[PDB]
Protein chains: 2
Amino acid sequence: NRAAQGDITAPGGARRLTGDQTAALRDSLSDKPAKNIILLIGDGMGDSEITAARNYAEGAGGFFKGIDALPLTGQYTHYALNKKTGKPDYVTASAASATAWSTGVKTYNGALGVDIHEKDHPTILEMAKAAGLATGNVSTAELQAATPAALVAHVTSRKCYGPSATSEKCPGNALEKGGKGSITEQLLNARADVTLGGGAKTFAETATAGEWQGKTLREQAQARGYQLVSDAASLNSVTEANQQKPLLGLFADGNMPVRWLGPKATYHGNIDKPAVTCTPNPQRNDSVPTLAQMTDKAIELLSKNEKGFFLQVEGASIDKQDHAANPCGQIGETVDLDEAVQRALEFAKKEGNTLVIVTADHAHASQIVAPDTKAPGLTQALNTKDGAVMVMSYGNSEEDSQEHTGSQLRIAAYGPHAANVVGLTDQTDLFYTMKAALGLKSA
Amino acid sequence: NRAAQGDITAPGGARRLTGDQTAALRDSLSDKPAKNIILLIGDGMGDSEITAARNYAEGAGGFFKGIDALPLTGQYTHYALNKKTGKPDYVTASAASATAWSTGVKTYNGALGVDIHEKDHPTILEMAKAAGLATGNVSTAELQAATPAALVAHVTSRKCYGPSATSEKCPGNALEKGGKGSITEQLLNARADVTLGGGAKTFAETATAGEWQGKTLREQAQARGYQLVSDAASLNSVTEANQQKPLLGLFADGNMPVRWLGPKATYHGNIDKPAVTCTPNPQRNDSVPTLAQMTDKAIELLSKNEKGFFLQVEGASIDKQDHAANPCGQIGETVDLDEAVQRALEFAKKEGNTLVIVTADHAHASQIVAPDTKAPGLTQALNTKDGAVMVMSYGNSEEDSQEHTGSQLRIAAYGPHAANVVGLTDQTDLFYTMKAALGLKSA
Ligand SMILES: [Zn+2]
Ligand SMILES: [Zn+2]
Ligand SMILES: [Zn+2]
Ligand SMILES: [Zn+2]
């Protein structure tokens, strides 16, 4: 627990610590093997995003019971590479960074599972499966999106969702040109035990070559023995997931809907408009599973494997709402991820041999600024849990989409090998940290 | 060493880690008492600020030999309080934050060494002195500024620099009105062994009351046994500092000048103006000591105390140049601080009982964004050590001063009791962390 201990107005009332941590931290240092690993990613969830969410939902002296509860903490770098020069591109996006932590190799913006020479490298999920471990891959984004795709697809551009776009934009990857295929096709080949998110639309496409040509990717998946689920009840009803009967969850056409509604931030929004209170999204159908609900079934099913499992969970629409300059959406999805993180930590503490890691792919735009702020970008004032006004600014783009930022950001871990995120690290160190904790070996 | 291990374009080339860190971290953890403490403060040095400076000066896969070399890392919160309501004010400035880590109590923006009720609370420096330890207070800002002042003065507004402004803005603190006096006057009463910085301008004021009425504050310091120095040569000539002969260095009228020159960022600066390469500041002559030079002498002098010392070092102009939207100024002062930190770490490793801490009072405005970025605020393109462009954006103020931000930010530490910065903590925990490490007590 790291909430403020009492009266924040009085001596010692805002302390998050009750005593000395040296002994407690020594007991958090284990070098034994990790049987399991859970990696939780908030896209765009930099330190600013975390703090804003905490201030709003739990108050400034509050405490995220998931996100803030991991004891070993550091800052890590996530610069991408310029494809032509091989020099740092200081502001990454999902693909290059997901490639980075999943392969241990830097690459260029747009690349999935390939280096700057367009050459494939194996992913941590692929290596876990080879060693006999179960594998899970979960995202509130469409499943073709870069973060979940990176674990199961190798392509020259992240836009190559299905056969149609792959033939056009990844000619070398296309199936009818001898390549491994589209993101969705490769995801089906990768055959993770558990795969849950959105992105049903691309599954409507039919493959133009290969053993299942003329069939929709939906039909292919079924033909190859996958269980299809599309809402929370059916997901819940699933009792097993393995190589004979892998689980595919498709819970929306595109991205899964956000939990909180609020107005878009506006020019002089914190001056011209009144303080905003977030409400639940009334357009989110009740049958859509939450990130934590998806995480529950995943952990339940994957943990059946005696040898162990690897699971990745992505809170995606933190980035998306950050891009859209929508604090309520953005905070809402940070709250959504905290729930999922709680599930993973609850499992991990009971099981005793699980490494849980929580971080983001890169920083983003949202900044917490003073209430009187008069800024050139998009701003909005919110009513927090404290009963006080917080203002948020998005001031790095004139166009309709607010931009990523290149600042280093928090990485936190719990369990075996958690030490390897403390201090300054690079995103690629996370690959090798995970590789080493599971005792995995290159083919 | 946490630099990129090799060729950043190849597998494992961007790794900052050479192996498992568990055994290394176990060694780093000591609960024995700290004999000395060095607290280094980069004013406004958020994780964005650290990253931008590293990217520029050392390249993306580079490594600050001071700043990035502290092994025990975390994230801490620095929200202030609204004076009337006692609820969090989410974006602090230096007075409230410096007051928080120096007293262990939160307070309102503008308050120095007092709580929201205007009650005085003792500072870590005052308590150190009381216990017999030696005390140092070093800054590139004018010494009246909130970060160094917070250790030695208790006033209701940080603007109460000297008698003149105190009578008007802190009438209850004014000396002629029964109070302890202006910041400068209370500083002279506090009588730290070592006090180095700018702010000579205010010492030209005369006191309106008390034992040294009619005399200038400079004359007062002379009469009370202080050694005054005004340049690097004289500073170096000083052989001892103690309560019989305290040292006061005044190296500029106001703030000490910055190392690096570069143009101010502008609207569409990264588009319409060429990439910038920082140069040395021609109007900072070498007779003005650097922060590391001041840190050297301070460490030399204070370390002669058998019982131990407390030293605070502030790189003030990271904040100032961040406000002025000047990447070169801002980055140059971040480099300036890294040197001072190196001096602190070198001493700490040899001595073996010194706790060193590096952090910032709060986050700031500067953001690292993509080169093609088209932002509404002030931007600039810069040529890095990597031979690639990094753009910086300042997008939270339409007036002539870019604003702080509330994001939690990095705290790092080395030595005895350094475990207490790991995980999430509050800026006030830092007070209690330092107090316990030295074993200090209350009256
Ligand atoms: Zn992203
Ligand atoms: Zn994004
Ligand atoms: Zn400051
Ligand atoms: Zn400032």
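Brief remarks follow.
- The GluC sites (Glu not before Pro) found in region B:223-332 that occupy coil by DSSP, while having at most 14 further C-beta atoms within 10 Å, are B:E240, B:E306.
- Packing-based ranking of B:348-355, B:177-184 yields B:177-184, B:348-355, ordered from highest to lowest mean Cβ neighbour count within 10 Å.
- Residue-span extension gain [B:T85 to B:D372] - 0.36 nm each, minus C-alpha spacing: 98.9 nm
- Using a cutoff of 8 angstrom between alpha carbon atoms and counting only pairs six or more residues apart, the relative contact order for chain B works out to 27 percent.
- Per residue of peptide B:152-162, the mean number of Cβ atoms on other chains within 10 Å of the residue Cβ is 0.
- Restricting region B:96-145 to trypsin sites (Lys or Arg not before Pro) in coil, as DSSP defines it, with at most 15 other Cβ within 10 Å: B:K119
- Per the rotation superposing chains A and B, the chain A residue found at the smallest beta carbon distance from the axis is A:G395, 1, distance in Å.
- Cα-based reach from B:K385 at 22 Å (exclusive), listing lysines while leaving out same-chain residues under 8 positions away: A:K83, A:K84, A:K87, A:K106, B:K65, B:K264, B:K273
- With a Förster radius of 45 Å applied to the C-beta separation of B:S164 and A:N383, the computed FRET efficiency comes to 0.60.
- Candidate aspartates and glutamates - alpha carbon under 16 Å from A:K129, same-chain residues fewer than 8 apart omitted: A:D193, A:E306
- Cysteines without a disulfide-compatible neighbour (Cβ-Cβ under 4.7 Å), chain B: none
- Pseudo-label separations to other copies for B:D400 - Cα-to-Cβ vector, 7 Å, nm: 3.8
- Structure note, pairs B:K320/B:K349; B:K215/B:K245; A:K320/A:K350; B:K304/B:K349; A:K159/A:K180; B:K304/B:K350: Cα-Cα distances above 24 angstrom occur for B:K320/B:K349; A:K320/A:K350.
- Within region A:384-424: backbone nitrogen closer than 19 Å to the B:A436 label point (7 Å, Cα to C-beta): none
- Residue by residue along A:373-381, Cβ atoms of other protein chains within 10 Å of the local Cβ number 5 on average.
- For region B:350-366, putting each phi into the Karplus relation 6.51 cos²θ - 1.76 cosθ + 1.60 with θ = phi - 60° gives couplings of 6, 5, x, 10, 10, 9, 10, 9, 10, 6, 10, 6, 5, 7, 9, 8, 5 Hz, in residue order, rounded to whole numbers and with x for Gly and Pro.
Positions of Cβ are generated from backbone atoms using ideal geometry, with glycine treated the same way; all protein chains shown enter the neighbour counts. Readers should treat all values here as calculations from the given coordinates under stated rules, not as data from a laboratory.
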